[PDB]
């Protein structure tokens, strides 16, 4: 037997959900992102359809920028409620296959399938794509491996509307020449730092001396980079439901704030909104964090612990406002955030 980890990922997820209720839009660049007004600054693309990516639009691109790259695009506001519902539908199908299923956010999931050696895991992936496409009309892609990060890499190669198997046998064949940020968990910064010490590919990283990595990145991350390069990863698929460690809301204002009372009032409001939401989820706050980002994109966060876990509005607002007040302010403010850390014990 083999413990396959299958990674299921919805294709161009938000655009697909839109397209599914808008046939007038097929074969057209559709871009999802922020009220649907491409002229608004400080708002980004959240999901570009494939047709739009052909113009170099991508998630995280400002709306103004996407409009410049793709002037004929149809821009639609983000409908979270339609997406939650489209996601739950896809999860229920995936969970109904009988395997352990570990759901991450709207779009993705790990399925664990312990299979006898004669059985092709590609058969389960084929079952998944069929059922998802037939019941929901969404297309997904499936990456197959024996750990999560490697399955996750496989899904990139399966894109779009396909299945790709990546194992110990072809791992290095396939990955060896690629830069390190091809690895899940390795982004641009690590790639840059690695290149500066002359490690420029997955193959290089995979044979780097452990001391070199642990000195440069830390005793755990250094060993982890080396495991990642060798094609290893997390391997247990848990069906246990995720319990959030925190909840948060941030706002980027249309115009930089300069008036203290305005800053006070946004932090109050975000503290209150987050608190109402956590209470509804039956949770209790332990710590309150405030984030301030200035016009220059300097972003600092302070945090204070409550004297006892609490849910009390007056206290949480008062704490968020005292934390705000520890920042040197006045200097124009681009963004304010409140994050509430939550009691892990009990609930």
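Numbering follows the first chain given and starts at 1.
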{"item": "22-30 or 318-326, whichever carries the higher mean Cα B-factor", "value": "22-30"}
{"item": "Residue stretch of maximal mean CA temperature factor, 32-40 vs 308-316", "value": "32-40"}
{"item": "Highest-ranked of 223, 163, 206, 97 once sorted by CA temperature factor in the record", "value": "97"}
{"item": "Residue, from 185, 105, 231, 156, that the PDB entry assigns the highest Cα B-factor", "value": "105"}
{"item": "Residue 299 - Cα temperature factor, lowest/middle/highest third of chain", "value": "highest"}
{"item": "Residue 242 - Cα temperature factor, lowest/middle/highest third of chain", "value": "highest"}
{"item": "Residue 79 CA temperature factor, ranked by third within the chain", "value": "highest"}
{"item": "Among modelled residues of the same chain, the CA temperature factor third for residue 129", "value": "middle"}
{"item": "CA B-factor ranking of residue 259, expressed as a third of its chain", "value": "highest"}
